[PDB]
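Residues 258 to 390, 399 to 422, 431, 433 to 453, 469 to 512 in the entry's author numbering are what the first sequence spells out, letter by letter. Using N, Cα and C, we set each Cβ at its ideal position, and we do this for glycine too. These notes concern the structure reproduced below.
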Amino acid sequence: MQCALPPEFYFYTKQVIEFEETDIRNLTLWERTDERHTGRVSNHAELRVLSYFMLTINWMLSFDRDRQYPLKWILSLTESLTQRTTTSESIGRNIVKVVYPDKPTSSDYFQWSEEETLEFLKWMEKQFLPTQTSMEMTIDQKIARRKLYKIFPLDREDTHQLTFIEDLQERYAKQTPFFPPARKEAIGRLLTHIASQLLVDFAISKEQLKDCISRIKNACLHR
DNA sequence: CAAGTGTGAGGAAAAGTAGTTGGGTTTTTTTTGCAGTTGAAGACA
């Protein structure tokens, strides 16, 4: 559902997981890495789930001999994907993007699709209200501060935006027209995007993620 | 191509502390009336 919720891809990736993903067994949380150097044993189950997820997509889309997934179909999904508001979720992912990290969302900062800009300032006026409460900077200082905020009344000197499954539905429809070198390029293009998404919620390692990817790649070819 | 021991530093923050200054009393070490009086210069016998 996260994106190209290809209903079939749930069972695809569940199957490869079925496959060599811990001898077709639900990944359990790794162990009590007692040692202090915390090596990348890479046993964090999810990290591998996302890896199988990614792999599945391109393997699945990189050998859909029957041509079940049309050339022009793959980019359409990536297309429709091209960001968009979020019945709360995508707005959230913007808020996480804004921890100014490795610059994958930094520019989103820059762009920040109009309103996204607006509902952002809304969430700032509500949820960094706690912000704080100076005590011991002479009462006078406090008064001054109040006055300043004063002379800045501000805060106002379809309910419009939509929910999660609404957005999900509507891009599922935005692709609803379903029934060589370029597609390979498109596939790579799409995979980078998900790499962005899944990686962005998590500790990424614009390499480790990759390292993780590499790992099971190796794991797999022992058929 | 690959997994596995051993292990040093980089990093964060509130409060404190630094440096520089200034402030700061405290401190500490013009005549305008009266009547008289003395001393005075000058004269004299």
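query	result
Backbone secondary structure at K407 - three-state DSSP	helix
Residue burial classification, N283 (beta-carbon count within 10 angstroms, cutoff 16)	exposed
Beta carbon of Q449 nearer than 7 Å to that of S333	yes
Proximal residues to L304 (C-beta, below 6 Å), its chain only, five neighbours per side dropped	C501
Nearest-angstrom Cα separation, counted from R472 out to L328	6 Å
Validate contact between the region 357 to 374 and the region 481 to 490 using beta carbons, cut 8 Å, 3 pairs	yes
Minimum length 4: unbroken alpha helix (DSSP H) runs contained in the region 261 to 300	264 to 277
Residue burial classification, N507 (beta-carbon count within 10 angstroms, cutoff 16)	exposed
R445 beta carbon less than 7 Å from that of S347	no
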